[PDB]
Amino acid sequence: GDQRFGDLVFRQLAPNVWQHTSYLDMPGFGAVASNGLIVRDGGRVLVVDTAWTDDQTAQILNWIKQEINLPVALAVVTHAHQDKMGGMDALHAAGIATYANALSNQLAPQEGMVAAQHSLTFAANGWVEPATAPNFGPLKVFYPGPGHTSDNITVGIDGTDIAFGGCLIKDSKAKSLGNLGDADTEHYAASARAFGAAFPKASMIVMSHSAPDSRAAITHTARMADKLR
């Protein structure tokens, strides 16, 4: 099921969707996995999140070239942390248009990241303003509210039963909400539930640090976050 390519792992989730996995070795802690997505939309490819580094992200582009052999139209990055935006330079060097929440772009310098080249903005209910997400095809971007970070965004894949929660969502058997360093403990539970309500028919929930899970990943994350309030 899992395909090893260089230092990365690729898993096909649907006929047109793959999960990319990259690892960062943390001294005395062990290797930390981070997941993103690759979506084929006809004659082009769309990417959600970079890998931890530029070299790992260049390896994602190399896998796309070999396995799909279609051009990457754009990438969406889900917040200004290393696991999601660490490889922006490799996207830019390749000529790929990059998009992130305007807030992620504003926080990127303080977070030691390079901003995406375009900014997404959101309505009062969390849905992306469509003029800011042109020709996004099946990528349905939703800002669920502050949680893992104040800028965290999520992506539903239209035409599939998949939705990507990024670092906001943890798996159904997680014992904690992960790095809470930049988190909004007050609003986390409502943000997790808002992601679930935005994509109510998504049955496969993809996240940054666990393998794809059922909707119990959303409800369990919300239940752990209810304890932070």
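One rule holds for the numbers: they count along the sequence shown, beginning at 1.
When the other compared entries with both flanking residues are checked, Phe29 is unmodelled in at least a third.
When the two stretches 141-149 and 126-134 are set side by side, the higher mean Cα temperature factor goes to 126-134.
Set 93-101 against 108-116 and average the Cα temperature factors; 108-116 ends up higher. Listed residues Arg193, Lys175, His187, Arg40 were ranked by CA B-factor as deposited; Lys175 comes out on top.
By the numbers in the PDB entry, the CA B factor is greatest at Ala31 among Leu168, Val48, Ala31, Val45.
Sorting the modelled residues of the chain by their CA temperature factor places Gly156 in the lowest third. Compared with the other modelled residues of the chain, the Cα B-factor recorded for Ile205 ranks in the lowest third.
Sort the modelled residues of the chain by CA B factor and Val17 lands in the lowest third. In this PDB entry, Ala183 carries a Cα temperature factor that places it within the middle third of its chain's modelled residues.
When the CA B factors of the chain's modelled residues are split into thirds, the value for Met26 lands in the highest one.
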